[PDB]
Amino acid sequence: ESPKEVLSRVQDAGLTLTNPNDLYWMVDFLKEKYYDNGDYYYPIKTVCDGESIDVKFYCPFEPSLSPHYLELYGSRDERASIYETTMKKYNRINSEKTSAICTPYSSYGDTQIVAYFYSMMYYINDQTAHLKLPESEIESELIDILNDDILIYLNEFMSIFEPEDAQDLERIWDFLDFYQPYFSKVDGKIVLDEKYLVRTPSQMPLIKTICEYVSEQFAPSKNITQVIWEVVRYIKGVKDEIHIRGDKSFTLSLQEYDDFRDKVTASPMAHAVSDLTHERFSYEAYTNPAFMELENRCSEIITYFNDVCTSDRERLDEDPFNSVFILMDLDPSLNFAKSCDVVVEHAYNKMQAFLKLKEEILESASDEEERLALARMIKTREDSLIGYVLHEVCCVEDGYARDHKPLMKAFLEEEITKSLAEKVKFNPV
């Protein structure tokens, strides 16, 4: 469309998330107003316990939206039929918007597989959210189902894992930890004992769709051990969350919260698959201690941004898994607004630590092939950082985001109207 057509639509109907064209103009505006002016502080306007939350998320990476978002959104109904879900739940998760904005320069299939991985985390997280309820309402059968589901999900990723190097087989085997007694090494493959294939989990078609794509697109030609490794780390992290939530006694420090969030942010899974889509790729980076820390910083940055945006909803859930609430429990002088400011500052320092590790990792490269591979893999994680910022910024329609921000809807509609009008006036210059 032309800027004149969109300006007329915005002046009449405002900004929506149901018209997928609006998101292209929102991301384009955010790049022009902020990134293109050297301003890397993107506004977040929400509320928590009636307090005004008006902060800026620092991220100096180029904003972009996937060209496949139109087709991804146009096929959202057939994509949702894979899931056991209501459309209200599927619309709030909005994996089409998440993947398109965090994986902006990939093929249609390589973008959709990222949407599948993020949707897997959201549906498993919502199943784990039953433990948020007070103990008077927790059903043991649902916990039994959850514990059995993640073990069956884990085995389905094991069924597509047949590494060419026996050392990679031992890497996953030793990483199973408390899940190892359930599995056995049978002819170069890790197999769950058939005694434990008890049920068909509710989201098994989703997990089978993921494993089918990974085994058909990357397994014949690439080493998919890290994709399996990050899935094991995530599934183990979910088990740790079940243990903590099931105990109903949250005593995690901010450092322990970071260590836990390093496992369950799920973005390392999407990065592992996205790394296999580029020729510039170094599997040895996954065991580099500096690269592992860079991935941990990325997960914590996304966590802290999420903690600010989801604070009010999780406050009503009485969910203690939030750095805003952990800091308030430690410091009684902090309200929700002052605590969010501290979290935003922590996210800035983690971003500087991310950029410092980046410079050290690229300098430690042995040859040009390794340098270009490391730079490509770090760029993939930078795409997710700016992508998640804009993801929360562009929550402008209620029901199509986990945390609708009506103040951002008003702010973006007012600001994009002035920007589009300036485009129409100076046209065609």
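Just count from 1 along the sequence shown to find any residue number.
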Mean CA B-factor: is it higher for 393-401 or for 362-370? 362-370
Would you tell me which stretch averages the higher CA B-factor in the PDB entry, 301-309 or 323-331? 323-331
Identity of residue with top Cα B-factor, from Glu230, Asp77, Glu137, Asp144: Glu137
In the PDB entry, which of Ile113, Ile93, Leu176, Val198 has its C-alpha at the highest B-factor? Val198
Pull the Cα B-factor of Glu345 out of the PDB entry and bin it into the chain's lowest, middle or highest third. lowest
Using the B-factors in the PDB entry, rank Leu420's C-alpha atom against the chain and give the third, lowest, middle or highest. middle
Split the chain's modelled residues into thirds by Cα B-factor; is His271 in the lowest, middle or highest one? lowest
Compared with the other modelled residues in the chain, in which third is the CA B-factor of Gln203? highest
Looking at the entry's B-factor column for C-alpha atoms only, identify whether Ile242 ranks in the lowest, middle or highest third of its chain. middle
